[PDB]
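Consider the single chain below, provided in structure tokens and representing the form deposited in one PDB entry.
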């Protein structure tokens, strides 16, 4: 059924740019939308100026969006729950404040949409997997795709995929998240692993994109990094048991090419400074997702015996003061090779 679903209430845990942007999306499909933010003082401010001046300045929030520091009131009555809490705080949130939330979600069978991205350092697990330790899979879906927050928040045409092991679960969330004016369109897929992998790895690759630019390279190089980088996402996805159908879709190449072409992003800028010879210490003044993700990514890759040429070199440049130019030469020391892509048709 391509018929949309409207709800009475939606709750979004995570007040970042993406989370706020998604709250704007939901304000067009849900009579009420609550956005949980821990700092009460800042919550009042946001509700007063009707604008998330903290992480989405310049965008006026719909009048039916209300920020709150009260976890209980936040999810109370919600018919869909979105998690956009940073990876490092995810587990702690559930242990310290998710008790009743979890019970409610299970009791009322409320759909949960995972929008958090990254890799937990202690377990090398992805967001949806972490959340899966507290909530059952039947209620878990992941949202991923080329979706700059500003564009999503202001209703500029955007496409994303919704992933769930059970495609029917994804299709229902697809009916909830897709907007009436077709400005936010969702596509269903089963590849939850591919989505989480791509969402994490793209940030590391984006730093490599920055490096290439700071190294004097142009757009041909960026296109090659994206194409060869996507294969690393594919290989890691396979090793993690993912079906891989999201790799060459919106969450995979779609989001990857977008993220690697965002020259003003912190991942890019950090990479550019690294390509220009600046030491990481000096650059650190700004925590780019790519920097934080590179270590656990490398450890997970090693643990699974997955070779990730680009990501490995990016880790060396960022963590082992490796000279960008030398890293590049090492990458190319492999010699002439075949593109390494299987045929699609026999």
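Here, rigid core means the biggest group of C-alpha atoms that superpose within 1.5 Å across both forms. Numbering follows the first chain given and starts at 1.
One more form of this protein exists, namely the form deposited in another entry; it is left out here, but the text below deals with it.
Peer 1: Of 249, 111, 275, 127, which one has a Cα that moves 2 Å or more between the shown form and the other one once the core is lined up?
Peer 2: Going through each option, the one that shifts is 275.
Peer 1: Once everything's superposed on the core, is residue 17 shifted 2 Å or more at the Cα between the shown form and the other one?
Peer 2: Superposed on the core, residue 17 moves its C-alpha less than 2 Å between the shown form and the other one.
Peer 1: Aligned on the rigid core, do the two forms place the Cα of residue 321 2 Å or more apart, comparing between the shown form and the other one?
Peer 2: Comparing forms between the shown form and the other one, the residue 321 CA shifts at least 2 Å.
Peer 1: When you overlay the rigid core, is the Cα of residue 215 off by 2 Å or more between the shown form and the other one?
Peer 2: Yes, residue 215 moves 2 Å or more.
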